[PDB]
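Close look at the chain arrangement
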Amino acid sequence: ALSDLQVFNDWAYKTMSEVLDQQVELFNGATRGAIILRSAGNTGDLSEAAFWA
Amino acid sequence: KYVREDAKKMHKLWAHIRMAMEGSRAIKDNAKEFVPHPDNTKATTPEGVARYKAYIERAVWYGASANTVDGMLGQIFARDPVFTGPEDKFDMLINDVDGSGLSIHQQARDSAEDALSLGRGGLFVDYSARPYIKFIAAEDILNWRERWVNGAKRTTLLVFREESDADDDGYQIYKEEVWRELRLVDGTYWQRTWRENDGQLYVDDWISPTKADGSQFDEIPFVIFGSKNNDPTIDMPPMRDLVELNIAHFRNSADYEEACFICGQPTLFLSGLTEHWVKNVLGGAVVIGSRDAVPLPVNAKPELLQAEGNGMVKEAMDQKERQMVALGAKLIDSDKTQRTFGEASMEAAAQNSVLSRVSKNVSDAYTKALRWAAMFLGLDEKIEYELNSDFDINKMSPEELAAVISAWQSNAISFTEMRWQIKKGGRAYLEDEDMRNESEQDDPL
Amino acid sequence: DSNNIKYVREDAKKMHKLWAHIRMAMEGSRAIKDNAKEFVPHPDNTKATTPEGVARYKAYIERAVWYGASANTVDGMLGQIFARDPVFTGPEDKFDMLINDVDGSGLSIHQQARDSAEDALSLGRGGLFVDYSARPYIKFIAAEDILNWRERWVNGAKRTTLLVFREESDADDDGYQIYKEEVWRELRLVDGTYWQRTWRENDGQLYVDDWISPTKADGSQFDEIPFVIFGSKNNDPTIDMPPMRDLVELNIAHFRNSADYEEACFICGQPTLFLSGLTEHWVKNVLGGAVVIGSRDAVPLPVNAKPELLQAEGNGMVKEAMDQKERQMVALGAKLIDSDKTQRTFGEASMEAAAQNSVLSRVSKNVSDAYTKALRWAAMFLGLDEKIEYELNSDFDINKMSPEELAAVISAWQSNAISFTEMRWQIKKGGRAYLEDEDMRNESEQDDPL
Amino acid sequence: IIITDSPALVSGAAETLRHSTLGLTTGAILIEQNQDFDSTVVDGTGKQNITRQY
Amino acid sequence: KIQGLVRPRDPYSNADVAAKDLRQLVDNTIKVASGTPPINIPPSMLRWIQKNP
C-alpha cells in the first residue's frame, strides 16, 4: 500500500497509524439500507413509538 | 573524480530547504541533524538529552530564508503577468486554470516560489472537456529519461506522483494516490493512469490523446522548469549556501543564548569570606539593596562578575548576519547603513540575476503550457505569458509621466505599451479598452 | 581505421582536477564537505591515523561554514551578461524552429546560450555541435566531455583535423529502470572533407557508424568540421584557463579559516569561571560540586581566591585573516558580495567600468561568435541565407532608462541618425516597451481615435 | 501469475524440493537504488603487454 | 495503534478507568551493497584481431 517513506514533509506526517484492520464501511447504502447510519438526536435513554396491532 | 551534479542527491537538500522555509518549529524539531550535541557522553545519558533539550529550546531561529523568498516573489510579482493573444477566448483558461477557480497568476506565483526555493517544478497540460494546466511539486516527479532519437535530445519517459483525498460517506481520512505515466514511443505521446485504493493499483491501458484537429502529439505535454533552465536534469536550488549560513547562525545563537541564560546574570563573588563570618553576621542571607550595606571581614574583595559583550560568539553571529546581507539576498533591511542613489544602479543587474532567470524560465514554461492547451482546444498558437521583467518597480515620477505621454505622442510606443507603463507605475487601474470606451465620447467641460 | 574512441589529451587530464574543484565550488557546502580532505589540511595527521582522529576531523569539518562567494559571482556575471535577451538579425520565421527548440527538447536558444555562457564564466570552456538527423539540431557539449582534439596546418591553414567528444545519453528500456549509456562522436577532416562516426553502443553492442559525410541541402559535403570550441579567452581548440580559479582558491582558504574560527568559537567562546586560589576542602565544605550562578544567589570564596571569568576576546587574528581574504575576494573586482557600509562616488566607476566588465565582454563576444558560426552551419545544412548574426547583450550595468535618456533617444530617432529598429531595441533595453516592432507598427499605423 | 526462474524461489533440490510462490500487495517489496554507480578501469605496466582491469 | 479507543461507559456511574499510552513502532530499510569481480580487458588481445578495446 502507501509508504510515503520517500519524502518527509513533516515527521510522521500522517504517514501511517495502522488506523484499522476490519472492514467497517457497512452503513446505509453500503448495507443496502439494512444498517442505516443516521444523525438525529433524541432525549432520555429510550425512544418509544406506538403503532396499532 | 566526482559524480555528475550531485548524483541527483538533492533529496536531503530539498528536505532541509523546506524545513528552513517552514520556520523555527521545523528547525527546532530537527536540532539533532542541524545542531551537533556538545558532548556525546551526555548525548547517550538521560541528563544529557534533557541538557540538549534545554540547550535547543533557548535558541532563536533567525528565519532569513523565508524573508529572502518573500522579497524575491514580491519583486517578481508586481501588478499582474502580461498575457498576449485572444484574452476573450482564453479567459476560461485564466480564471480556472485547473478547475478550482484559482487564477493562473496564483499558480504562476506558486511555481515561482518553487523555482526560487528548491529550483524545480513541473507543468502538466492534460485533457479531461477542457484542458487543465496542472502544477506538480518537485518531489512528485520521480522519473525522467533522456533517450535521444533522430539525433535530437528528447525526453521519452516521465512518471510523477499525483495526490488526492477521498470523501467517503464517513469523514474517515482516506489518502489515495494516482500515478500518471507519460511515455514517448516513435516520437508519439502515450499515457496511462493508476488509481490506488488503500493499496489497490488499478492500471489503465495505454491511451493516445490527440489535438482538436487530430494528428495526436509529437512531444510530451510536460515541462520541468528550474532556476537554472527548463531541463529535465536537476538544477541546483538557489538557496543552498543561504540555508547553510542560516543553520550555522542558528547553532551559534544556541550557544549565545545558553551563555546569556547562565552567565548573563552578575553575582557577588564574596572572595576572602570565612564561614564563621557568614554565620555571624550574614546569616545565610545577603541584602544588596541601596538601603542596606553589607559588612565584610578584613581583606575581603567583593566583585560583581558578569559576562560582557563583544565576545567571539556574538562576533560570529554578527559576521554571519553580515554574510547574509553581503550575499545580496533581499532578506533584511538595515536602518543603520545607507547607500547613495546611483551606486546600486550598476549592481542592480547582478543582484536581480536569479530573479531574472526564474522569471524568464517560468514565463517560458507557462508559454509552452499555453501552447499545448491551445493545441488541445484548437485555438491560436501565437500566445505568450511574460512575467514582470522589471523589478524594483515604484510609483513613477511626474517627470516620468511627462516623458511617457511625450513618447506616446510620437509614434515610438504603442497605446497598450503606454498603458502598461502607467499601470505598472501605479497610476491607473482600469483596462485600456474600458478607458478607450469611456474617453471616446465628447469632453465634459 | 581508428584508435580508442576514448582518449583524454593530457592537457584535459591535467585540467580535470581544476575543473572538478571549480565545479564543486559552484556546488556549495555539500560537495566541499563531502571532499574536505582535498581542501582542508588535517590539523594533525598523527590523529588522522587514529579513529578518534577521524572523528575529530569530522566534527571539525561539519562545524565549518562555506561562503560560496564564487557561486554568487557566477550568478551576478550571468545576470549582467543576460539582462534582457540576445537579439537575432536575419530571417526569423525561417529560423524559428532553431530558436524555439534548439535541440528538439523545447529549450529556447536563449536558455542554451545562457548555460553555455555560464560554463564559459566558470570553467572557461564549452562547445556547440551542429548535426543533421528531418531538421538540424545544435548540441551543447560541456568542458569535461570534449576529451580530444587535433590541429593541423594544411595549405598554411590551421585546420581542426580531429575532434572527439563524449555525448552523454540515457537508455529508455521497456521498464522504468535506470540505465546510463554513453555515445562517443568522432569528427574527422580528411582531404578537406568532414566525416562523422557515432559509437552508439545501443543495447551495449557494436553500432559504430561507418565513414559518413553529412551533406548540405545543395550538396558538396563540408569544408570544415561543424564544431566550435568557445572559451573565456577565444574560440580555440586549445585550453582557456578558467576565470574562476583564483576566486575558488580564495573561497577554499576562507573555508579552512572559517573551520578554524568555528572550532575556536565553539570551544573557547563560552565564558568560564576559572576559580583560582581554591582548595578541595572548601569546595566540599560549601560548593559541593554544584555552584549557583544566578543573580538571586551569591557564592563565597576563601582568602586570596580570585575568580577570573575568561572568554576568547574579539578581533582575533583568525577574524583578521578571514576579513582580509573576503576583502581580497571583493578587490579582485568580482561581484561576489556587497557592503552597505562602504560608499562609492558616482562618476568614478565610470572610468573603471571597462576594466571591471572585461571577462563579461570577452565571454559575450566569444559566445556570440560561437552561436553565429553554429547558426551559419545550420543555415548551410538547410541552405538559407548566410549573413545572420546572434548578438548577445553587450551593454552592462543595465538600468531603467531616464526621461532624459528617453527624450534623447526619441530625438535621435526623429533625426536620420538612429534607425527605428535601433530605437525600439533601446527602448526594450530600458524596460519601456514589451511589444514587437512590427506589432507596434501595425497597431500605431491607424490615426489617433481621440 | 508473474513467472520467473528465481533461485530464491526454488528452495530445494532432488526430490525434496519445495517450490514457493508469494502473493503481493502494491508496494510489498520495495527496492531503492542509491544512485551511486562507479566504474573504474585501472591499467598496469611491467608485464609483456599493458593490462587493464574493469 | 491504541488497542482500546472505544469503551462502554455508563453515564449513571462514576468509576475509575485505566489509562493508555501511545507506542512508536519503527520501520526499516536495509542497504545492500553489490559489485563486480575484477575483469581483465587487456588491449592487446582485442587489437590482435582488429576489435576496438
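Residues numbered from 1 in each chain as written, not as in the entry; some residues may be left out. Chains lettered and ligands numbered in written order. Part of a larger assembly, values for the part shown. Heavy atoms only, no water.

cryo-EM is the method the PDB entry states for this structure, with the resolution given as 3.7 Å.

1. Observations regarding the overall build of chain B
Along the backbone of chain B there are 16 helices and 10 strands. Over its C-alpha atoms chain B spans a radius of gyration of 31 Å, topping by over 25% the 22 Å that the globule rule assigns to 445 residues. Taken along its principal axes, the extent of the C-alpha atoms in chain B is 105 × 75 × 55 Å. Summing over all exposed atoms, chain B offers an accessible surface of approximately 21500 Å²; the carbon and sulfur share of this is 52%. Averaged over its 53 positive side-chain charges, chain B has a centre that lies 6 Å from the centre of its 75 negative ones. (Helix = DSSP H or I, 4+ residues; strand = E, 2+ residues; numbered from the N terminus. Rg over C-alpha atoms; globule rule 2.2 N^0.38 Å. Areas by Shrake-Rupley, 256 points an atom, 1.4 Å probe, with all protein chains shown as cover. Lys, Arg positive; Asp, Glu negative; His and termini not counted. Charge placed at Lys NZ, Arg CZ, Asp CG, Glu CD.)

2. Looking at the layout of surface pockets
Considered as a void within the structure, the second largest pocket measures approximately 550 Å³ in volume. The wall of the second largest pocket is formed by 18 residues, among which B:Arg322, C:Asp338, C:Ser339, C:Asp340 and C:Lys341 lie closest to the centre. Of all the secondary structure elements, the ones that give two or more residues to the lining of the second largest pocket are α11 (312-327) of chain B together with α11 (317-331) of chain C. The element best represented in the lining of the second largest pocket is α11(B), accounting for five residues. Each residue belonging to the lining of the second largest pocket can be placed in one class, and the counts come to four nonpolar, four polar and 10 charged. (1 Å grid on protein atoms, 1.4 Å probe; cavity = no way out; pocket = protein on both sides within 12 Å on 5 of 7 lines; lining within 4 Å. Points joined across faces, edges and corners; volume = space filled by probe spheres on them. Nonpolar A, V, L, I, M, F, W, Y, C, P; charged D, E, K, R; others polar.)

3. Some details on the environment of C:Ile32
Residue and element names in this part refer to chain C. With respect to the helices and strands, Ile32 occurs in helix α2 (residues 29-34). When the C-alpha positions of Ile32 and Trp66 are compared, they lie 8.0 Å apart, and in sequence the two are 34 residues distant. Excluding residues that lie within four positions of it along the chain, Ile32 makes contacts with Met24, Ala25, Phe39, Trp66 and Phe255. (Contact = heavy atoms within 4.5 Å.)

4. A word on the sheet that holds strand β3 (residues 131-136) of chain B
All names here are of chain B. Strand order in the open sheet made by the three strands is β3-β2-β9, with antiparallel pairing throughout. Whereas interior strands pair on both sides, the edge strands pair on one side only; in this sheet they are β3 and β9 (222-223). Looking at chain direction, strand β2 (residues 122-127) and β9 are connected through two bridges and run antiparallel. Residue pairing across strands places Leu123 opposite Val223, the latter belonging to β9. Against the sheet, helix α13 (residues 353-377) touches β2, β3 and β9, its axis set at about 5 degrees to β2. (Pairing = 2+ DSSP bridges. Axes fitted to C-alpha atoms, helices over the stretch in contact; angles between N-to-C directions.)

5. A look at the sheet that holds strand β2 (residues 127-132) of chain C
Residues and elements named next belong to chain C. An order of β3-β2-β10 is seen for the three strands of this open sheet, with the pairing classed as antiparallel. Two strands close off the open sheet at either side, each with one partner strand: β3 (136-141) and β10 (227-228). Inspection of the sheet shows β2 paired to β3 by six bridges, in the antiparallel sense. Opposite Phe129, over in β3, you have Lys139 as the bridge partner. Where helix α8 (residues 109-122) meets the sheet, its contacts fall on β2 and β3, and the angle it forms with β3 comes to roughly 25 degrees.

6. Re the interface of chain B and chain C
Listed by partner, the interface residues are 108 residues for chain B and 117 residues for chain C. Interface area, chain B with chain C, both sides summed: about 10000 Å², of which 50% is carbon and sulfur. Inspection of the chain B/chain C interface yields 13 salt bridges. Residue B:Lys153 is joined to C:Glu167 by a salt bridge in which the shortest nitrogen-to-oxygen separation is 2.2 Å. At the junction of chain B and chain C, the tally comes to 56 residue pairs in polar contact. Among the secondary structure elements, those contributing two or more residues to the side of chain B that touches chain C are α1 (11-22), α9 (240-263), α11, α12 (343-351), α13, α14 (398-409), α15 (415-424) and α16 (432-439) of chain B. Here the side of chain B that touches chain C is built from residues that sort into 38 nonpolar, 31 polar and 39 charged. (Buried area = accessible area lost by both parts, 1.4 Å probe. Salt bridge = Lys/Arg side-chain N within 4 Å of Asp/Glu carboxyl O. Polar contact = N/O pair within 3.5 Å; in protein donor to acceptor, adjacent residues only side chain to side chain.)

7. Section: the packing of α9(B) against α11(B)
Residues and elements named next belong to chain B. Look at α9 against α11: their axes get within 9 Å of each other, and the N-to-C directions meet at 160 degrees. With respect to α11, the axis of α9 lies roughly antiparallel. As for how α9 packs across α11, the hand of that crossing is left-handed. Contact residues: α9 offers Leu242, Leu245, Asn246, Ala248, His249, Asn252, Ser253, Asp255 and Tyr256, while α11 offers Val313, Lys314, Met317, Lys320, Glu321, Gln323, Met324 and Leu327. A per-class count over the contact of α9 with α11 returns eight nonpolar, five polar and four charged. (Parallel < 35°, antiparallel > 145°, perpendicular 65-115°, else oblique. Left-handed = near helix turned anticlockwise from the far one by under 90°.)

8. A few points about the nonpolar core
B:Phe222 and C:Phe227 are the most contacted members of the largest nonpolar core, which totals 166 residues. Counting 14 residues, the second-largest nonpolar core is a separate cluster that includes B:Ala407, C:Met423, C:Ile427 and C:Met440. (Core = buried A, V, L, I, M, F, W, Y, C linked by side-chain atoms within 4.5 Å. Buried < 20%, exposed > 50% of the residue type's maximum accessible area, 1.4 Å probe, protein only.)

9. A word on α12(B)
Considered for burial, the residues of α12(B) that qualify are B:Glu343, B:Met346, B:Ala348, B:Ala349 and B:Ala350. Contact partners of the buried residues in α12(B): α13 of chain B together with α6 (69-81) and α12 (349-356) of chain C.

10. Description of unusual backbone geometry
One non-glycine residue, A:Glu18, lies in positive phi territory at about 40 degrees. Not every positive phi belongs to a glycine, and B:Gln216 is a case in point at roughly 60 degrees. In this structure, B:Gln216 sits in the loop between β8 (202-203) and β9.

11. A word on empty space enclosed by the protein
Within this model, the largest cavity holds a volume of roughly 80 Å³. In terms of lining, the largest cavity is formed by 13 residues, of which the most central are B:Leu13, B:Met236, B:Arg240, C:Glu27 and C:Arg30. Secondary-structure elements contributing two or more residues to the lining of the largest cavity are α1 and α9 of chain B together with α2 of chain C. Looking at the lining of the largest cavity, the element that brings in the most residues is α9(B), giving three residues.

12. Details of α11(B)
Taking 1.5 Å per residue, 16 residues should reach 22 Å; α11(B) reaches 22 Å between its end C-alpha atoms and fits that length. The set of residues buried in α11(B) consists of B:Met312, B:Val313, B:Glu315, B:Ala316, B:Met317, B:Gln319, B:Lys320, B:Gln323, B:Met324, B:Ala326 and B:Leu327. If you follow the buried residues of α11(B), they end up packed against α6 (64-76) and α9 of chain B together with α6, α9 (245-268) and α11 of chain C. Taken from the residues just after α11(B), B:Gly328 is the one with a positive phi, measuring 100 degrees. (Expected span 1.5 Å × (residues − 1).)

13. Brief notes about the packing of aromatic side chains
Residue and element names in this part refer to chain B. In total, this model carries 26 aromatic pairs over all chains according to the counting rule given. The interplanar angle of 40 degrees and the centroid separation of 5.1 Å between the aromatic rings of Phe160 and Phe222 together place this pair among those described as tilted. Here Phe160, found in strand β5 (residues 157-166), pairs with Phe222, found in strand β9; they are 62 residues apart in sequence, far enough to count as distant. With respect to burial, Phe160 and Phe222 carry one shared label: buried. (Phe/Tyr/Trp six-rings, centres within 6.5 Å; stacked < 30°, edge-to-face > 60°.)

14. With respect to the side chain of C:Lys216
Inspection of the secondary structure puts C:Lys216 in the loop between β9 (193-199) and β10. Residues within four places of C:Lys216 in sequence aside, it is in contact with C:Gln221, C:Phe222, C:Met380 and C:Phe381.

15. Things to note about the arrangement of the chains
Most contacts, when the eight pairs of chains in contact are compared, are made between chains B and C. Without any contact between them, chain A and chain C keep their closest C-alpha atoms 17 Å apart. Chain E makes no contact with chain B, the minimum C-alpha separation between the two being 15 Å.

16. What to know about the pattern of salt bridges
Counted under the stated rule, the structure contains 48 salt bridges over all chains. B:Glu303 serves as the salt-bridge partner of C:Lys306, at 2.7 Å between the closest nitrogen and oxygen. Placement of C:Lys306 in the loop between α10 (280-287) and α11 and of B:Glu303 in the loop between α10 (275-282) and α11 is noted, with the two residues assigned to different chains. For C:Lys306, a relative accessible area of 33% puts it in the partly exposed group. Residue C:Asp1 is joined to C:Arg197 by a salt bridge in which the shortest nitrogen-to-oxygen separation is 3.3 Å. When its relative accessible area of 9% is taken as the criterion, C:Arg197 is described as buried. Each of A:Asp4, B:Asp140, B:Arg161 and B:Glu177 takes part in one network of salt bridges that share partners.

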